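Every number here is computed from the coordinates shown, using simple stated rules; none is lab data. Here Cβ is always computed from backbone atoms with ideal geometry, including for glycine, and neighbour counts include all displayed protein chains.
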Amino acid sequence: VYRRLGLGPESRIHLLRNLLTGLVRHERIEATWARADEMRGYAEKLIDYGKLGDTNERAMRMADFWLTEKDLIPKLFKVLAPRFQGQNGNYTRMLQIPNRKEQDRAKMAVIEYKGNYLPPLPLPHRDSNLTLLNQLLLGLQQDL
Amino acid sequence: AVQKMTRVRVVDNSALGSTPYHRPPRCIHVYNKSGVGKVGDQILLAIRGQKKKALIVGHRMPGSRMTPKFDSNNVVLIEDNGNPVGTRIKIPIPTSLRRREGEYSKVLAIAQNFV
Amino acid sequence: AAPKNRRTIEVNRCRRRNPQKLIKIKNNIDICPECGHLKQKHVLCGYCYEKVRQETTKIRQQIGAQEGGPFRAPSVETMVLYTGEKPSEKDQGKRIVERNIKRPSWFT
Amino acid sequence: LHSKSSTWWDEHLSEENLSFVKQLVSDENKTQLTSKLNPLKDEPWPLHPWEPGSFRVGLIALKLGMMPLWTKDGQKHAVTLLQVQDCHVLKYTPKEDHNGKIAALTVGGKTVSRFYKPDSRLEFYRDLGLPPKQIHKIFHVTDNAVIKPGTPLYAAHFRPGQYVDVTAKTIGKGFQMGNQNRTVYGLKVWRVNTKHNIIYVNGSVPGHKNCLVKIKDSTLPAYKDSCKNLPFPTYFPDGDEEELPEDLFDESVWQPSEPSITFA
Amino acid sequence: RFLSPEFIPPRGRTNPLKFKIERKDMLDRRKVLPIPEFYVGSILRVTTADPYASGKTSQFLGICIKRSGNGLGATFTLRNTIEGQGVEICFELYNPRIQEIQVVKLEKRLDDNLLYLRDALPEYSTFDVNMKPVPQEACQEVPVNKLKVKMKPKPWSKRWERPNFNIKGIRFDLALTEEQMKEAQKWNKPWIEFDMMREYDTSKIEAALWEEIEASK
Ligand SMILES: [Zn+2]
């Protein structure tokens with residue numbers, strides 16, 4: 001259930017800690033697809049810790065360790081946690097980006113926090129109902 | 001799980017077993033088709049420079065559910081004629097030996113304590 | 001490890017021209033309406049995505065100058081405003097980023 | 001490019017239409033299953049009386065897992081759980097056209113989605129009037145025991161106390177292995193849950209949990225003719241000659257809620 | 001509201017229907033045999049039918065040291081020293097051969113697992129089989145025994161000093177120097193306490209189970 005990453009188990013968490021800290025600071029990070037998927041679960045669970053409450057002593061220990069820069073700790077409890085109070089999940093949006101042209105052809109993805117102030121990503125759009133096939137399906141729906 | 005070596009404790013009043021001896025006991029043979037010896041399994045034990053048959057009554061190997069796991073390996077000596085070498089047994093002895101296939105009534109008839 | 005005799009070009013030509021060793025064609029190529037450029041069905045367009053990152057860098061640069069120091073991440077929400085758009089009451093209690101450029105058409 | 005393009009069922013479906021499509025699929029599955037609920041009311045083929053040497057059809061079931069089961073003797077026996085899901089007769093093959101010795105019946109269970117399946121498979125099932133099934137297996141059945149295709153088969157076909165043979169593909173382990181069809185013989189049935197069509201079978205069954213298996217009557221010489229005292233063609237809930245209990249137990253099995261067993 | 005551990009399902013791909021069927025058997029059996037509430041560290045006396053003996057039942061008393069298993073197959077282990085022999089018996093809650101279950105002393109111990117009591121002094125593990133049940137307060141939490149057991153010489157069945165075990169009921173200071181703890185702490189794996197991938201929440205499942213159990217009653 002875990003990708004074999006880092007020179008050791010500590011490295012993965014430290015690397016995840018570095019990745020998590022950067023995402024919180026910027027709210028949108030571009031990284032290899034495998035890393036983005038692995039860290040997406042941690043980011044969602046971190047938001048839950050923010051929702052748990054600022055007064056929660058356990059959340060501080062988790063936040064303090066995971067976030068090297070301590071200015072982010074107030075942000076998580078006073079920016080991220082208030083922002084996601086309405087949301088029940090899916091706080092992070094991860095999308096596949098074309099592979100890096102760096103001679104290694106790594107799989108790339110972009111992970112961002114939803115509700116951010118950054119410009120909206122170019123998300124895919126499903127076909128409109130005005131299409132001929134959809135219009136035909138609409139007629140079948142109306143009859144039923 | 002009685003097997004090669006496996007320091008054991010002779011729970012008997014037999015003269016060889018009763019008398020203290022310097023050498024740690026190295027059990028030789030297990031009288032079973034399988035090589036592992038458990039409670040109720042005949043084994044050969046070297047005591048006081050002599051070889052005597054012994055019957056296992058306890059082991060430290062994890063056992064089946066609903067059964068007590070002993071903290072020491074306990075054995076009882078049995079003569080060639082089939083009568084126990086010792087006339088008494090001190091450690092509590094499981095009563096499952098009665099239903100176990102074999103001749104265990106004599107040893108049970110010598111075990112004061114039953115758990 | 002070398003074979004006991006030289007491998008003939010005929011033998012070698014067959015090995016390299018076997019279909020298993022040839023390059024395969026891909027039919028999953030798609031067109032991006034947004035950029036008008038090619039894309040894969042499972043891959044997002046990069047010409048449009050490049051604009052987002054470039055705007056993000058410009059927005060991030062403005063934030064860095066406004067903060068004026070390291071480890072100065074605000075504990076309050078952040079918002080971005082472009083020329084022609086002025087901070088409103090709803091923007092109170094949120095960090096405000098001012099952009100000299102006008103509101104991009106794609107950005108809303 | 002004037003070239004082939006790759007598509008999936010959801011590529012051109014809008015969100016509003018996509019929700020409707022899901023509803024339509026559920027409606028079709030419900031209607032098809034209800035239509036096939038009553039085999040005896042759908043011009044059933046003639047059913048013949050039992051005679052020695054007759055062979056009944058087998059079933060396909062899903063392996064839920066294992067749990068401990070106790071008998072009235074107080075002993076604990078680990079038992080494996082098998083669930084019969086959407087088991088229906090699909091295609092009958094004549095004795096001459098399949099094997100001169102005996103005819104065969106094709107049975108498929110564990111209905112599957114229609115979105116990611118070839119049109120050929122859907123076409124065959126549309127004629128049968130049933131949703132597609134995950135696995136197709138062939139069972140040798142005598143002429144007297146032949147049943148019309150589309151007849152629903154239930155776990156009640158087998159009964160507690162009957163030994164059965166289960167064959168399933170073993171778990172694959174990769175390069176090191178496994179993933180080979182194997183059969184376990186002489187497994188007794190401890191209990192059958194009619195409501196959920198769960199059969200409780202002694203011993204372990206090859207394969208992982210949630211793995212489809214093939215179940216047929218024991219072929220051991222001792223149990224040559226056990227169908228004489230069982231539903232000879234099969235158990236028909238449609239006939240409803242006598243409603244079976246929801247949970248069927250073997251006599252030795254100690255049912256829960258029974259008094260604590262005292263070894264007297 | 002005390003929800004017994006066995007009812008709580010573990011994370012996995014197992015069918016939820018199996019738990020529902022298993023719970024029904026468990027709930028129905030609970031009517032036949034009363035399963036009192038107890039925690040590790042509580043001394044219990046359990047009456048069980050004796051298969052080896054003919055028409056005879058027996059009661060065994062011991063301190064509850066470990067709880068394992070789920071559903072109908074859940075079992076509990078209670079430890080005692082009888083005639084100077086430490087004995088641990090794993091009792092299956094729903095086995096028909098358990099006639100009755102009595103919690104002689106309902107209490108909790110410092111640790112949720114008391115396997116280290118084997119390495120502790122015998123007196124901490126010695127309990128009188130004939131000891132009568134002690135009074136309990138219904139509107140209270142089970143008493144928690146905070147006595148710290150003393151260990152036997154350093155060679156133990158398991159290296160309790162390691163952070164992985166993290167036993168809080170052992171008098172490590174008496175038997176272990178601070179340097180030895182540092183050597184043990186080399187296996188701290190501090191990132192483990194901070195990893196959210198190893199966290200599984202059953203609070204919602206536990207709450208839902210309570211109504212189902214009470215409804216069956
Ligand atoms: Zn584009």
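Brief remarks follow.
- Of all DSSP beta bridges confined to the range B:1-104, the antiparallel ones make up roughly 90%.
- Tensor-based shape of chain A (alpha-carbon gyration tensor, a/c under 1.5 rounded, otherwise prolate or oblate): oblate
- Among E:134, E:144, E:32: highest mean-square fluctuation, GNM of chain E, C-alpha pairs under 10 Å: E:134
- Placing a pseudo-label 7 Å from each Cα along the Cα-to-Cβ vector at residue E:186 and residue B:109 gives an inter-label distance of 6.0 nm.
- Taking a Cβ cut-off of under 9 Å around residue E:180, the surrounding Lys, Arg, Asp and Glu residues balance to a net charge of -2, with basic ones at +1 and acidic ones at -1.
- Fewest-first ranking of E:66, C:4, using other Cβ atoms within 10 Å as the exposure measure: C:4, E:66
- Cα gyration tensor shape of chain D, rounded if a/c is under 1.5, else prolate or oblate by comparing a/b with b/c: prolate
- Förster radius 25 Å - calculated FRET efficiency between residue B:83 and residue E:68 (Cβ-Cβ, nearest 0.05): 0.05
- Toward the positive end of the charge dipole of the range E:10-105, with +1 on the Cβ of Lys and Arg and -1 on the Cβ of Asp and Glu, the farthest Cα among E:68, E:54, E:78 is that of E:68.
- Estimated dipole of the protein assembly as shown in Debye, rounded to 20 [Cβ of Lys and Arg +1, of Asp and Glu -1, Cα centre]: 4100 debye
- Cα gyration tensor category, rounded, prolate or oblate, for the protein assembly as shown with a/c compared to 1.5: oblate
- Modelled this way, with points 7 Å down the Cα-to-C-beta line, the labels at residue D:33 and residue D:171 are 3.0 nm from one another.
- Residue by residue along C:42-51, Cβ atoms of other protein chains within 10 Å of the local Cβ number 4 on average.
- Given +1 at the Cβ of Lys and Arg, -1 at the Cβ of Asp and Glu and no other charges, the dipole of chain E around its Cα centre is 340 debye to the nearest 20.
- Other residues lying with their Cβ under 15 Å from the Cβ of residue A:60 contribute a combined charge of -1, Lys and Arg counting +1, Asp and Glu -1.
- Averaged over the residues of B:64-75, the number of partner chain Cβ atoms lying within 10 Å of the residue Cβ comes to 6.
- Sorting the segments C:94-103, D:108-117, A:97-106 by their mean number of nearby beta carbons within 10 angstrom, highest to lowest, gives D:108-117, C:94-103, A:97-106.
- Phi-based couplings in Hz for the range A:74-79 (Karplus 6.51, -1.76, 1.60; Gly and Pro marked x): x, 4, 4, 7, 10, 10
- Long-range HN-HN contacts of residue E:108 with modeled amide H, under 5 Å: E:144, E:145
- Taking E:69, E:84, E:12 as the candidate residues, the one with maximal mean-square fluctuation in a Gaussian network model of chain E, Cα springs under 10 Å, is E:12.
- Fluctuation leader among E:37, E:92, E:178 - chain E, Gaussian network, Cα springs under 10 angstrom: E:178
- Residues E:42, D:26, C:105, ranked from the fewest to the most other C-beta atoms within 10 Å, line up as C:105, D:26, E:42.
- Net charge dipole size for chain A [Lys, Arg +1 and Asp, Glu -1 on Cβ; Debye, nearest 20]: 300 debye
- Neighbour net charge for residue A:49 - beta-carbon separation under 11 angstrom, K R +1, D E -1: 0
- Amide proton proximity set for residue B:44, modelled H, under 5 Å, gap of 5+: B:28, B:29, B:30, B:31, B:54
- Of D:22/E:204; A:107/E:186; A:101/C:24; D:195/D:216, pairs whose Cα-Cα distance is over 25 Å: D:22/E:204; A:107/E:186
- For residues of B:3-13, the mean tally of beta carbons on other chains within 10 Å: 0
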